[PDB]
Q: 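This is the structure, below, for whatever I ask next.
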Amino acid sequence: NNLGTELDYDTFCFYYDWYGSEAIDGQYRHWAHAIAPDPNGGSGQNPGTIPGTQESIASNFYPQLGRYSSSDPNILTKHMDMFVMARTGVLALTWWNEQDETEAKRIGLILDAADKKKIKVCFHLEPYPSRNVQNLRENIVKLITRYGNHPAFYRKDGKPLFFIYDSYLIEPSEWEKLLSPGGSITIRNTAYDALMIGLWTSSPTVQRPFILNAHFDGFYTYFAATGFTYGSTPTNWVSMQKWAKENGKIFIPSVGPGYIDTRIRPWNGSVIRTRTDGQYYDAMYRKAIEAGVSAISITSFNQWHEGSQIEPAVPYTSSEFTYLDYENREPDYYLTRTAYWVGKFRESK
Ligand SMILES: Cc1cc(=O)oc2cc(O[C@H]3O[C@H](CO)[C@@H](O)[C@H](O[C@H]4O[C@H](CO)[C@@H](O)[C@H](O)[C@@H]4O)[C@@H]3O)ccc12
């Protein structure tokens with residue numbers, strides 16, 4: 001079929017599975033959240049907490065689905081239908097290395113739900129305690145062994161793909177051991193080989209030799225807030241793509257619809273990026289496409305604390321907070337606008 005509605009499997013949408021309810025988790029996990037002290041506010045701060053009540057959740061927006069559980073199979077079905085609406089073929093699942101049965105259950109539920117809609121799943125490997133290339137190898141082996149035969153497990157030209165958040169916190173001399181074909185614990189040419197996509201943060205002077213010396217297959221930028229880093233400044237994307245092409249690397253710029261995290265970081269207003277009825281998202285997505293990249297990542301499906309979510313949000317005013325909402329747009333606007341941009345992306349692939 002050639003309907004212009006099909007999923008795109010070079011479009012990766014960052015997905016968070018850390019939400020709970022008192023009932024599916026024993027607590028409205030993540031809907032309740034600590035408020036961060038101001039790093040420039042001095043000692044003795046008592047910033048308090050957001051209790052995750054109906055009235056007061058840890059977001060500047062309010063989900064259409066309410067204070068949902070990421071383990072609720074009925075929520076997961078709805079989320080996969082939202083991915084289908086957005087045409088986002090790959091769910092890039094945040095992975096925290098919790099090593100508990102509830103994590104294992106949730107990952108299985110997500111894979112199963114995704115497969116029903118032909119969605120694929122890859123892992124976004126977060127920075128967990130004592131993360132290093134040896135335990136990262138062991139965890140890559142574990143993920144590929146546990147999930148690699150699941151029909152929803154993502155592969156690109158036969159290889160799994162991992163996004164590695166905060167990769168720059170591990171020295172290239174360590175990465176080389178894992179990612180050079182000659183590295184002492186290499187995954188190259190093994191059953192556990194994968195496309196490893198590192199987080200490009202700062203200037204090319206630093207990031208170019210890092211990516212080469214660490215033997216990453218590519219890089220992404222994550223941040224939805226334009227100008228937060230060099231990498232998340234879209235005017236740099238043409239140049240970053242040129243360098244990627246010259247060096248055989250895969251650039252997967254990250255685009256998002258806005259940013260606001262001031263419920264949890266009241267002092268962080270400088271990072272706010274207003275949605276302007278979709279114009280911010282449009283501008284950022286257009287820059288990614290114009291850069292001529294082969295793949296795009298979306299920050300985020302549902303990072304509600306960041307205010308970067310494309311998941312449907314609704315107007316809500318409670319006794320505790322007046323939430324932002326999608327304004328003149330309907331709750332599903334960012335899903336349907338994602339589908340629009342996926343179509344434009346596919347037209348120039
Ligand atoms: C200021 C700011 C701007 C922006 O564009 O994006 C972010 C993102 C932040 O962190 C989110 O994304 C990370 C990558 O997936 C993830 O590691 C973060 O979660 C972890 O850190 C937070 C504290 O920042 C912690 O509460 C959570 O339990 C994790 O340990 C988060 O999802 C932060 C700031 C931004």
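All values below were derived from every heavy atom in this structure, side-chain atoms included, with hydrogens, water molecules and symmetry-related copies excluded. One-based numbering along the sequence shown.
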Q: Check for me whether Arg337 meets the cation-pi criterion with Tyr334, that is, NZ or CZ under 6.0 Å from the six-membered ring centre and within 45 degrees of the ring axis.
A: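 No, a cation-pi geometry is absent between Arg337 and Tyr334.
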Q: Hey, could you give me the OG1/CG distance between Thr201 and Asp166, rounded to the nearest 0.5 Å?
A: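 Rounded to the nearest 0.5 Å, the OG1-CG separation comes to 8.0 Å.
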Q: Could you tell me if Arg273 sits above the aromatic ring of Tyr280, with its cationic atom closer than 6.0 Å to the ring centre and no more than 45 degrees from the axis?
A: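 Because its charged atom misses either the 6.0 Å distance or the 45° angle limit, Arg273 does not stack over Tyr280.
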Q: I'd like to know if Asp10 and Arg346 make a salt bridge, using a cut-off of under 4.0 Å between side-chain N and carboxylate O.
A: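 Not counted as a salt bridge, because no side-chain N and carboxylate O are separated by less than 4.0 Å.
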Q: Go through it in stages, so that I can follow the logic: the residues are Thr53 and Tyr28, the test is side-chain hydrogen bond (donor to acceptor under 3.5 Å, both in side chains), and I'd like the CA-CA distance, side-chain angles, deciding distance and then a yes or no.
A: CA-CA 8 Å; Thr53 55; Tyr28 288 105; over 6 Å; no
Q: Where do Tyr281 and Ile298 come nearest, in terms of heavy atoms and distance?
A: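 So the two residues come closest at OH-CG2, 3.7 Å.
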Q: Looking only at heavy atoms, what is the nearest atom pair of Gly256 and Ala224, with distance?
A: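 Nearest heavy atoms, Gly256 then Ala224: CA-CB, 4.0 Å.
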Q: Would you find a donor on one side and an acceptor on the other, under 3.5 Å apart, between the side chain of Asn247 and the backbone of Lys249?
A: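 No: the side chain of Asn247 does not pair with the backbone of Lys249.
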Q: Mark yes or no for whether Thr145, through its side chain, and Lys142, through its backbone, hold a donor-acceptor pair below 3.5 Å.
A: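 Checked: no pair found.
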Q: Is a side-chain donor or acceptor of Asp115 paired with a backbone partner of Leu111 at a separation under 3.5 angstrom?
A: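 Answer holds: no.
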Q: For this output row, return yes or no: ring centroids of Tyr15 and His79 closer than 6.0 angstrom.
A: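 Yes, the ring of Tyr15 comes within the 6.0 Å limit of the ring of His79, centre to centre.
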Q: I want to check something: taking the side chain as every heavy atom from C-beta on, are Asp217 and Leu161 in contact at a cut-off of under 4.5 Å?
A: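 Result no, sub-4.5 Å side-chain heavy-atom pair not found.
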Q: What's the spacing between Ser59 OG and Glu306 CD if we round to 0.5 Å?
A: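 CD of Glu306 is found 10.0 Å from OG of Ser59.
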Q: One thing to verify: whether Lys344 and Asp282 come together as a salt bridge, which I'm taking to mean a side-chain N less than 4.0 angstrom from a carboxylate O.
A: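 Salt bridge absent between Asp282 and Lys344.
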Q: Where the side chain of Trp175 meets the backbone of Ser180, is there a donor-acceptor pair that is under 3.5 Å apart?
A: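 No, the answer is negative, given that no donor and acceptor are paired below the 3.5 Å cut-off.
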Q: Determine whether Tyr154 and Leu195 make a side-chain contact, defined as any pair of heavy atoms from C-beta on separated by less than 4.5 Å.
A: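 In short, these two side chains do not touch, never coming nearer than 4.5 Å.
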Q: With a 4.5 Å limit on heavy-atom distance, are the side chains of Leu324 and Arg263 in contact?
A: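 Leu324 vs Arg263: side chains apart.
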Q: Mind jotting down which residue pairs meet the salt bridge (charged side-chain N to carboxylate O under 4.0 Å, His left out) criterion with at least one end in residues 288-298? Sequence neighbours excluded, please.
A: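 Output for this query is empty, none listed.
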Q: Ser254 and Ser297: side-chain donor and acceptor closer than 3.5 Å?
A: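 Side-chain D/A pair, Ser254 to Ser297: present.
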Q: How far apart are the C-alpha atoms of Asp17 and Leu93, what are their side-chain angles, what is the distance that settles it, and do they pass the side chain to side chain contact (heavy atoms under 4.5 Å, CB included) test?
A: CA-CA 7 Å; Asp17 72 337; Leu93 178 55; 3.8 Å; yes
Q: Strictly below 4.0 Å, N to O, side chains only: are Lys242 and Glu246 in salt-bridge contact?
A: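 Salt bridge: yes.
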Q: Ignoring hydrogens and angles, tell me if any N or O in the side chain of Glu327 forms a donor-acceptor pair with the backbone of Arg329 under 3.5 Å.
A: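 Checked: no pair found.
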Q: Could you go through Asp193 and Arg188, starting from their C-alpha distance and side-chain angles, then the distance that decides it, and tell me whether this counts as side chain to side chain contact (heavy atoms under 4.5 Å, CB included)?
A: CA-CA 5 Å; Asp193 205 353; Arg188 306 310 185 183; 3.0 Å; yes
Q: After noting the C-alpha distance and the side-chain angles of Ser308 and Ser300, does the key distance pass the side-chain hydrogen bond (donor to acceptor under 3.5 Å, both in side chains) rule?
A: CA-CA 5 Å; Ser308 61; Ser300 61; 2.8 Å; yes
Q: Hey, mind stepping through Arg67 and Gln54 against side chain to side chain contact (heavy atoms under 4.5 Å, CB included) and telling me if it holds?
A: CA-CA 7 Å; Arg67 292 176 295 157; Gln54 192 159 179; 3.9 Å; yes
Q: For residues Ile164 and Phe162, report the shortest heavy-atom separation together with the two atoms involved.
A: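 Taking every non-hydrogen atom into account, CD1-O, 3.4 Å.
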Q: Identify the heavy atoms of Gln309 and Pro257 that sit nearest to each other, and give their distance.
A: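 It is O-CG, 3.8 Å.
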Q: Just by modelled atom types, is the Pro37 backbone N or O under 3.5 Å from a matching donor or acceptor in the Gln45 side chain?
A: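 No; judged by distance alone, with no hydrogens or angles, the pair does not exist.
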Q: Might you point out which heavy atoms bring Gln207 and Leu199 nearest each other, and give the distance in Å?
A: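 Between these two residues, the closest heavy atoms are OE1-O, 4.0 Å.
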Q: Verify the ring-centre separation between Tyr259 and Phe223: is it less than 6.0 angstrom?
A: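 Aromatic pair excluded; centres sit 6.0 Å or further apart.
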Q: Which heavy atom in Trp237 sits nearest to a heavy atom in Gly231, and how many Å separate them?
A: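 Residues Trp237 and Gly231, closest heavy atoms: NE1-O, 2.8 Å.
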Q: Between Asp8 and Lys349, does any side-chain N to carboxylate O distance fall below 4.0 Å?
A: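 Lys349 and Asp8: salt-bridged.
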Q: Keeping the roles fixed (side chain from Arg137, backbone from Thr186), state whether a donor-acceptor pair exists under 3.5 Å.
A: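 Between the backbone of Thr186 and the side chain of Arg137 there is a qualifying donor-acceptor contact (under 3.5 Å).
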Q: Under 30°, 30 to 60°, or over 60°: which ring-plane class applies to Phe219 and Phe251, parallel, tilted or perpendicular?
A: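 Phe219 and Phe251: parallel rings.
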Q: Does atom CG of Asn149 have more than 12 heavy-atom neighbours, drawn from other residues, nucleotides or ligands, at distances under 6.0 Å?
A: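 No, CG of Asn149 has 12 or fewer neighbouring heavy atoms, counting only those of other groups under 6.0 Å.
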Q: How long is the gap from OG on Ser184 to CD on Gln134, to the nearest 0.5 Å?
A: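 CD of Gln134 is found 8.0 Å from OG of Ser184.
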Q: Among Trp96, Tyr222, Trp95, which residue satisfies the ring pair (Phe, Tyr, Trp, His ring centres under 6.0 Å) criterion with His124?
A: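 The passing option is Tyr222.
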Q: Hey, is the main chain of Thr229 close enough, under 3.5 Å, to the side chain of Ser232 for a donor-acceptor pair?
A: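 Judged by distance alone, yes, a pair lies under 3.5 Å.
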Q: Side chain to side chain contact (heavy atoms under 4.5 Å, CB included) with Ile310: which of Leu335, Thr299, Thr336?
A: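 Filter result, single survivor: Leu335.
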Q: Does some side-chain heavy atom of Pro160 sit less than 4.5 Å from a side-chain heavy atom of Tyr192?
A: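 No, side chains not in contact.
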Q: Between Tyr19 and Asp25, is a side chain to side chain contact (heavy atoms under 4.5 Å, CB included) present by the stated rule, with each step listed?
A: CA-CA 9 Å; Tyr19 301 104; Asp25 305 280; over 6 Å; no
Q: Can you find a side-chain donor-acceptor pair between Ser70 and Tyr16 that sits under 3.5 Å?
A: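 No - no donor-acceptor pair under 3.5 Å links their side chains.
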Q: Could you check if a side-chain atom of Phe123 sits within less than 4.5 angstrom of a side-chain atom of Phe153, using non-hydrogen atoms only?
A: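 Touching, per the 4.5 Å side-chain cut-off.
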Q: For the pair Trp200 (side chain) and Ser202 (backbone), establish whether a donor and an acceptor sit closer than 3.5 Å, ignoring hydrogens and angles.
A: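 A pair under 3.5 Å: yes.
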Q: Determine whether a donor-acceptor pair (N or O, by modelled atom type, separation under 3.5 Å) exists between the side chain of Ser71 and the backbone of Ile24.
A: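 No, the answer is negative, given that no donor and acceptor are paired below the 3.5 Å cut-off.
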Q: Less than 4.0 angstrom from a charged side-chain N to a carboxylate O is my criterion; do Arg106 and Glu103 meet it?
A: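 Salt bridge absent between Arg106 and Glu103.
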Q: When you compare the side chain of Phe83 with that of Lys117, does any pair of heavy atoms fall below 4.5 Å?
A: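 The answer is no, as the side chains (C-beta and beyond) never meet within the 4.5 Å cut-off.
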Q: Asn135: which residues meet the side chain to side chain donor-acceptor pair (under 3.5 Å) condition with it, sequence neighbours left out?
A: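 In terms of side chain to side chain donor-acceptor pair (under 3.5 Å), with neighbours along the sequence ignored, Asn135 is linked to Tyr128.
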Q: Between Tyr220 and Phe12, is the ring centre distance below 6.0 Å?
A: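 No, the ring of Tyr220 stays outside the 6.0 Å limit from the ring of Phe12, centre to centre.
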Q: With a 4.5 Å heavy-atom cut-off, do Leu125 and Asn139 have their side chains touching?
A: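 They are not in contact (no side-chain heavy atoms under 4.5 Å apart), so the answer is no.
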Q: Could you check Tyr340 against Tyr285 for ring pair (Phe, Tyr, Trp, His ring centres under 6.0 Å), going step by step and ending with a plain yes or no?
A: CA-CA 10 Å; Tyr340 172 87; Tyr285 224 129; 9.1 Å; no
Q: In a check of ring pair (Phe, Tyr, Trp, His ring centres under 6.0 Å) between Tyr62 and each of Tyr326, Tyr316, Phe321, which one passes?
A: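 In the set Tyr326, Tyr316, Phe321, the residue that makes a ring pair (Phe, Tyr, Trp, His ring centres under 6.0 Å) with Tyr62 is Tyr316.
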Q: Can we call the ring centroids of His33 and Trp304 under 6.0 Å apart?
A: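 No, ring centres 6.0 Å or more apart.
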Q: Are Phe216 and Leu179 side-chain neighbours, meaning at least one heavy-atom pair lies under 4.5 Å?
A: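 They are in side-chain contact.
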